[PDB]
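What follows is a single structure, written as structure tokens, with notes after it.
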Amino acid sequence: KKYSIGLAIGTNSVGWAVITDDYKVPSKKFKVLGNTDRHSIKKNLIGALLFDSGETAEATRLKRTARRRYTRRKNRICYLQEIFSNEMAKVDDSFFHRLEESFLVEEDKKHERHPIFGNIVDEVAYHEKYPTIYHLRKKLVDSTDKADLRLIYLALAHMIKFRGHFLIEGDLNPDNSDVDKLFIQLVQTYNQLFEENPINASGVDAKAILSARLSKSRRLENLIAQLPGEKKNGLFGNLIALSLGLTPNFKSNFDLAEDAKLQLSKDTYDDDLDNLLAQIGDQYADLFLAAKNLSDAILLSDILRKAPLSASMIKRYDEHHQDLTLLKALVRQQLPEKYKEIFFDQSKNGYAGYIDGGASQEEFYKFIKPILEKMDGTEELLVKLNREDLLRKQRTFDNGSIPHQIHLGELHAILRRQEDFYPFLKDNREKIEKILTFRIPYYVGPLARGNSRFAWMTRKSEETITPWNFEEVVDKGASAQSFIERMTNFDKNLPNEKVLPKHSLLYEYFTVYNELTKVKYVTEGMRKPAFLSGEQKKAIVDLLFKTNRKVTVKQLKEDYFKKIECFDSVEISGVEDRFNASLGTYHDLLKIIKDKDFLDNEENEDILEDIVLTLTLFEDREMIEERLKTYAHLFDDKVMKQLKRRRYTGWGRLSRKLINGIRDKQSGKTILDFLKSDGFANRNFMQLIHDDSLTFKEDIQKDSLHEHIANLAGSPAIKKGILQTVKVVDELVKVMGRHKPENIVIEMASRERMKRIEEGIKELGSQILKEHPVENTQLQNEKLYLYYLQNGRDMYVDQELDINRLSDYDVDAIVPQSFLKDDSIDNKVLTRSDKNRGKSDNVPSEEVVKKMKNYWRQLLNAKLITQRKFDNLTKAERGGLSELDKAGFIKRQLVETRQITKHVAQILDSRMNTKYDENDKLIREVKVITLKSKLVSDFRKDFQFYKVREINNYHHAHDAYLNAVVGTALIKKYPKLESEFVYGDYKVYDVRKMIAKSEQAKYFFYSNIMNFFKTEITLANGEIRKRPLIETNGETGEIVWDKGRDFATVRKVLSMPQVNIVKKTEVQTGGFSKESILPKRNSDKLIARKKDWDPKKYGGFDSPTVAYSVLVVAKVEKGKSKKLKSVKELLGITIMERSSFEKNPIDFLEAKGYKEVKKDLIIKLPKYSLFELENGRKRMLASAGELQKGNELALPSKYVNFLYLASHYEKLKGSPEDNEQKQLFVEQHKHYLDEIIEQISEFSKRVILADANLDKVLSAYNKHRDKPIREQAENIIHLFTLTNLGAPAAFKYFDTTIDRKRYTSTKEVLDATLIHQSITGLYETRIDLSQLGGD
RNA sequence: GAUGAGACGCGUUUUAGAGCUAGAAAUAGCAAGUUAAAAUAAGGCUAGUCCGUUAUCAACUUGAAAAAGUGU
């Protein structure tokens, strides 16, 4: 009667299976709706949903913001036009109208063809006089002559539209703008980050060197030449090299495995810096920020060589002229044959390309460099083709550096000069400047009025907000409050409680204590290294951490242990080299206020937390400044400004109430209190939280479905997978007659080796690598890798191994397969005979460790083995395996650490368990189990239920099934261990209590909980223990596993050829088209950029994106007779067209050219709609004009296992006795290849229909029949890409590359059967489209 | 580990920047070029200095919609 659901949640699929008490997969009959002759199908309740990955809302956000900016910029220019209106109407009635219509061709143009003046003569004159806008800007700033009001507008507009950046806050002065001051600022931050090996900025004239009109690398060399202790490739060297615009690599500066090459002038820089900071710490932020600021200062110095900008651009125009004329002259002089290509052909990256073709400065310089090197009359030109000042346009990328204060300046100059000639410029000068100056603050957000899902702000008036009445119309206070209310992230650990800023004092204390409390100190006077205890820790903090930003091991041992704990010789085992933790904000704000009194007062702590909070949330000057209102008196008004200048960015992961708020029920000590001072054995935040002895865990445990999902901490993709999972379960509940299941099992699916082995072999006699060379091509073959991690010696006996005889040697497990399944290197060794470990069922013998420990420690120093491996190798020296270690093994094997999974299990529980008893207690009908993937995967490998993902999509379903099997079998065999994997408030039962101290009620002595599936249990000795044929639970009498029948049942389920694979059908969403604006062309294919703008004249977009195709049955006109021919067509509705179509489809279709449309036969066909054709061949709809493979090749499980085994000829299992037999199983079945290729062939000939590629791959197969079995196998695993579901893709078989075979015709589906599938695929609705037509 | 607010600078597309000599023209010889306006998802009603590329979506039935139903 009862049943269970097994699930395998993924980002691209959801596996699901239904099982019964005998571990069988039911088969049922389902109705088939539609209009075919089929009315029922028999289907197995096993299957998998497939779906495209969910996307992150970023690109959508970037677009949103960019849109906002364009509207607001246009609004600016519209303000400026609003001011100049009347007087311009007095001067030129149709100036602005000429401006709007600047775009239109002369034909569509209502007014005179020339925008500025309205006459050919005045226009040509104007352009001849001022070849650029900058000339005119300079003339308008420097001359006292009255000028045409139109040129006033044009200048002011060209300065208000493009109003420069706003990075520098307040007015411009040398302290924030000049190369030198920012250089000493940079070195100040660097020195602050080190203080040891510092840099002096005293004798360095950086202002002259960095701003010199010489190349970047030259300025680099010149600067590092002034620094003797530093090299060009140094950290500082790469910082300046970064600031000049070069591309330094920080791989060498910080010993990373991967290279990290930064370049400020790239769009991807922000993220690359993010990765760099991820790998080296958040201590280096201000440094790189300073480096950037310096870069902008340098660039601004390169462009500003009154109106300095306009002037320099003018000089640039002139230089461009001189160098161009000289260039052309020289070219005609030396190569007249190539002049026509360089100055006329736009298709080439020449000047004709640089100006008309669309090439960039870089492409241009790349093009003409070899020519200039071939002409040899061009040395100064080549000199110019560097340093970024040759043939330059006035508008390029460097222009980002120009602050808004420059433009405000020149704008103000022009405004002052013509101030007297026009009273309205005088009266409205501050208005204009405000238009240029005003910038909406972060905390304000979109100036909405209730119709924005993003905005929050509040208005003081009912007026349209302008840059002039902004200040007293926006409720800055309420808006800031709401801004706070929104931006506060809550702690996942503690909801309803916001998280501390990443730079809060409490947070820094927290991380310091957390990293410090795990330090163990050892001295000769003491027996063994233990922790520091409270007095010592607080002492180290008080003396060291609040006097120094960076703490050195030398500073720890010599400036504490030597001067307090008397210890002369100490050894620290807790931390390496230095402390990662720090008290940065403490020391920075200390340097700010210079008042240790308020700092350590502990009463002022709250006030400080509020101060740093405000400094983190906001960045606007005024809102920052309002944060002095409560704290103006408490501090001297002098220091206060320096406090306002300090800004902190970033957020923590933990709240206040979690760190120092919530406290244990019993002990009454909070997390921080219980962390600061423990007894001899210290507790970490990793072990305080999930501990069952304390209140914390139970405290952590204590809305709509959408909210439940969105609150989760996971990618939008996995949230998609999770919603699909919930839906699948709901439908499966519907299929089983609305009966909820017993159980729902959930599963959620390198040079480092070479580095460690070369470093490690370097720490010792490195003769092994010099005598036996090896590259990472030999990679990580286990036995070789271990042969090198062990210096070519036996880990158990003192003897020098041989490379040529590795196949005789076997790998052994430190903690045997009987206790814990661990196949990593951290639990594997290499020896001539596994018998050399000893004769114990436990860890290797005492005889061995006592005779080999020295060697092991030798390996430990060389970091060849980790602490864990050394500990587990020398465990007989402490007895062996204990009860704590076994309880540990259980908790390791059984607990899923991932929090997303616990929250998904919580969701399904909250959905399935809805009934309450006579008390007020949760009636728990359905048990939601959580599985680790290692369980089912190892279960596969143990009993040869092998997985080969490349064959078909069944493995998802098989995985959900096996998840149900192992999950429920575990809940039946070990019910006491429920609270460790089943979701809910159960009893803990203290795992330690469930394990036997020695053999012969207890659950197990051998802690591999997955032992009871086996008939035999092989021990370290080779001693083969035996187990019942039928496993049953003691205290219940229930039978859990029949090692005879149930494996046959599983093997049966996995081999069922009918699995419900369903691909979620999806309306396409996104951009209307490709984003490139194409030149005007005589085609009716281009899309209008604006309603009226005919693309044949103005250009437009290409390649629109189709939302979904639609089936239309109607008639069209054919011939000169315009006779109605009835047709049935597949029409794609594009994303742009969609709103209009769905609003009223019949008029859309009639306007499209269709007459007498069958409204009831308009069938919506989303992407991946399924069509079945002849012989059971299927196709999915990819667009309105291409199809995808729709069938699944169900390869018999024997072939699958054969392919797994043969492809893994180098099988690293657990035994070498069975492995050889596996290899013999491969060699014995060589006909299997031929059979497999026969299956692939039959399937191919029937459903994929690619005759060419099949013939090619068949010939290429039969030709290589004499090739080894392993090769043929893995190549066939490739060959499966011919038959795979989805889009055709190219694949390689041996050397022969088989190109993809697309299905470009879409018509065949018009007379096929549309199959509407539910999410399980169990419910179908089949529509015969050949029955539909024009009567 | 997702989600959000502010701003810049490129790019691109049309248009304005009279091309000149011969030759009747076709077409060849040459002169040049660096700038600007405008748009920057078509657009939307809720008309905001707002919103418009995420999430969500088999079929059928009932609903304006949220969403309920339908198949041993």
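Chain labels run A, B, ... following the order of the structure tokens; each chain numbers its residues from 1, and ligands are numbered from 1 in the order shown.
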Which residues of chain B come within 9 Å of chain A, and what is each one's closest atom pair and distance in Å (one decimal), counting only C-alpha atoms (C1' of nucleotides), sorted by chain and residue number, as JSON lines?
{"residue": "B:1", "atom": "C1'", "partner": "A:713", "partner_atom": "CA", "distance": 5.0}
{"residue": "B:2", "atom": "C1'", "partner": "A:713", "partner_atom": "CA", "distance": 6.2}
{"residue": "B:3", "atom": "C1'", "partner": "A:57", "partner_atom": "CA", "distance": 8.3}
{"residue": "B:4", "atom": "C1'", "partner": "A:454", "partner_atom": "CA", "distance": 7.2}
{"residue": "B:5", "atom": "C1'", "partner": "A:442", "partner_atom": "CA", "distance": 5.1}
{"residue": "B:6", "atom": "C1'", "partner": "A:442", "partner_atom": "CA", "distance": 4.7}
{"residue": "B:7", "atom": "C1'", "partner": "A:166", "partner_atom": "CA", "distance": 6.6}
{"residue": "B:8", "atom": "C1'", "partner": "A:165", "partner_atom": "CA", "distance": 4.7}
{"residue": "B:9", "atom": "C1'", "partner": "A:400", "partner_atom": "CA", "distance": 4.4}
{"residue": "B:10", "atom": "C1'", "partner": "A:397", "partner_atom": "CA", "distance": 5.3}
{"residue": "B:12", "atom": "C1'", "partner": "A:1077", "partner_atom": "CA", "distance": 5.9}
{"residue": "B:13", "atom": "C1'", "partner": "A:1077", "partner_atom": "CA", "distance": 5.7}
{"residue": "B:14", "atom": "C1'", "partner": "A:1098", "partner_atom": "CA", "distance": 5.1}
{"residue": "B:15", "atom": "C1'", "partner": "A:103", "partner_atom": "CA", "distance": 4.7}
{"residue": "B:16", "atom": "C1'", "partner": "A:114", "partner_atom": "CA", "distance": 5.7}
{"residue": "B:17", "atom": "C1'", "partner": "A:127", "partner_atom": "CA", "distance": 6.5}
{"residue": "B:18", "atom": "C1'", "partner": "A:120", "partner_atom": "CA", "distance": 7.2}
{"residue": "B:33", "atom": "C1'", "partner": "A:355", "partner_atom": "CA", "distance": 7.0}
{"residue": "B:34", "atom": "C1'", "partner": "A:393", "partner_atom": "CA", "distance": 5.0}
{"residue": "B:35", "atom": "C1'", "partner": "A:132", "partner_atom": "CA", "distance": 4.3}
{"residue": "B:36", "atom": "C1'", "partner": "A:133", "partner_atom": "CA", "distance": 7.3}
{"residue": "B:37", "atom": "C1'", "partner": "A:102", "partner_atom": "CA", "distance": 5.4}
{"residue": "B:38", "atom": "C1'", "partner": "A:103", "partner_atom": "CA", "distance": 5.5}
{"residue": "B:39", "atom": "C1'", "partner": "A:1089", "partner_atom": "CA", "distance": 8.0}
{"residue": "B:40", "atom": "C1'", "partner": "A:70", "partner_atom": "CA", "distance": 8.0}
{"residue": "B:41", "atom": "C1'", "partner": "A:1072", "partner_atom": "CA", "distance": 6.6}
{"residue": "B:42", "atom": "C1'", "partner": "A:1090", "partner_atom": "CA", "distance": 6.3}
{"residue": "B:43", "atom": "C1'", "partner": "A:1091", "partner_atom": "CA", "distance": 9.0}
{"residue": "B:46", "atom": "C1'", "partner": "A:451", "partner_atom": "CA", "distance": 6.4}
{"residue": "B:48", "atom": "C1'", "partner": "A:448", "partner_atom": "CA", "distance": 5.2}
{"residue": "B:49", "atom": "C1'", "partner": "A:72", "partner_atom": "CA", "distance": 6.0}
{"residue": "B:50", "atom": "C1'", "partner": "A:448", "partner_atom": "CA", "distance": 5.3}
{"residue": "B:51", "atom": "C1'", "partner": "A:452", "partner_atom": "CA", "distance": 6.7}
{"residue": "B:52", "atom": "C1'", "partner": "A:64", "partner_atom": "CA", "distance": 8.7}
{"residue": "B:53", "atom": "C1'", "partner": "A:1070", "partner_atom": "CA", "distance": 3.9}
{"residue": "B:54", "atom": "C1'", "partner": "A:57", "partner_atom": "CA", "distance": 4.0}
{"residue": "B:55", "atom": "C1'", "partner": "A:716", "partner_atom": "CA", "distance": 8.2}
{"residue": "B:57", "atom": "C1'", "partner": "A:1066", "partner_atom": "CA", "distance": 6.7}
{"residue": "B:58", "atom": "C1'", "partner": "A:1317", "partner_atom": "CA", "distance": 5.0}
{"residue": "B:59", "atom": "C1'", "partner": "A:1316", "partner_atom": "CA", "distance": 6.0}
{"residue": "B:71", "atom": "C1'", "partner": "A:31", "partner_atom": "CA", "distance": 5.3}
{"residue": "B:72", "atom": "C1'", "partner": "A:29", "partner_atom": "CA", "distance": 8.3}
Serialized selection, C-alpha atoms (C1' of nucleotides), as a PDB file, in the first residue's frame:
ATOM      1  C1'   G B   1      24.367  33.961  -2.088  1.00  0.00           C
ATOM      2  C1'   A B   2      21.301  35.771  -4.031  1.00  0.00           C
ATOM      3  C1'   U B   3      18.520  40.817  -4.561  1.00  0.00           C
ATOM      4  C1'   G B   4      18.827  46.418  -4.848  1.00  0.00           C
ATOM      5  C1'   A B   5      20.128  52.158  -5.271  1.00  0.00           C
ATOM      6  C1'   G B   6      23.747  56.480  -7.828  1.00  0.00           C
ATOM      7  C1'   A B   7      27.147  58.126 -11.846  1.00  0.00           C
ATOM      8  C1'   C B   8      30.711  58.254 -15.918  1.00  0.00           C
ATOM      9  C1'   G B   9      33.227  57.299 -20.512  1.00  0.00           C
ATOM     10  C1'   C B  10      33.299  54.566 -25.117  1.00  0.00           C
ATOM     11  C1'   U B  12      26.906  52.144 -32.808  1.00  0.00           C
ATOM     12  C1'   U B  13      23.146  54.301 -36.320  1.00  0.00           C
ATOM     13  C1'   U B  14      21.373  58.456 -39.458  1.00  0.00           C
ATOM     14  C1'   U B  15      21.990  63.543 -40.450  1.00  0.00           C
ATOM     15  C1'   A B  16      25.029  68.446 -40.816  1.00  0.00           C
ATOM     16  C1'   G B  17      30.207  69.107 -42.083  1.00  0.00           C
ATOM     17  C1'   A B  18      29.322  72.728 -50.194  1.00  0.00           C
ATOM     18  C1'   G B  33      39.200  63.114 -42.377  1.00  0.00           C
ATOM     19  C1'   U B  34      39.873  64.371 -35.563  1.00  0.00           C
ATOM     20  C1'   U B  35      33.439  67.399 -34.595  1.00  0.00           C
ATOM     21  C1'   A B  36      28.160  67.686 -33.391  1.00  0.00           C
ATOM     22  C1'   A B  37      22.726  66.864 -32.942  1.00  0.00           C
ATOM     23  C1'   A B  38      19.521  62.734 -31.923  1.00  0.00           C
ATOM     24  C1'   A B  39      18.328  57.792 -30.602  1.00  0.00           C
ATOM     25  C1'   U B  40      20.197  54.015 -27.565  1.00  0.00           C
ATOM     26  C1'   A B  41      15.665  47.919 -26.478  1.00  0.00           C
ATOM     27  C1'   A B  42       9.762  49.017 -30.302  1.00  0.00           C
ATOM     28  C1'   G B  43       7.147  51.153 -26.366  1.00  0.00           C
ATOM     29  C1'   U B  46      -0.128  53.941 -13.650  1.00  0.00           C
ATOM     30  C1'   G B  48       6.222  58.804 -12.295  1.00  0.00           C
ATOM     31  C1'   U B  49      12.920  62.957 -13.712  1.00  0.00           C
ATOM     32  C1'   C B  50       8.169  55.847 -13.320  1.00  0.00           C
ATOM     33  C1'   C B  51       8.187  51.130 -15.828  1.00  0.00           C
ATOM     34  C1'   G B  52       9.995  47.896 -20.205  1.00  0.00           C
ATOM     35  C1'   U B  53      15.956  41.780 -21.197  1.00  0.00           C
ATOM     36  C1'   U B  54      15.343  38.116 -13.836  1.00  0.00           C
ATOM     37  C1'   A B  55      11.827  34.936 -11.755  1.00  0.00           C
ATOM     38  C1'   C B  57       4.850  29.215 -17.939  1.00  0.00           C
ATOM     39  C1'   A B  58       2.396  21.141 -20.584  1.00  0.00           C
ATOM     40  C1'   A B  59      -3.028  20.464 -21.952  1.00  0.00           C
ATOM     41  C1'   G B  71      -6.954  11.267 -15.653  1.00  0.00           C
ATOM     42  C1'   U B  72      -8.125   3.633 -11.122  1.00  0.00           C
TER      43        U B  72
END
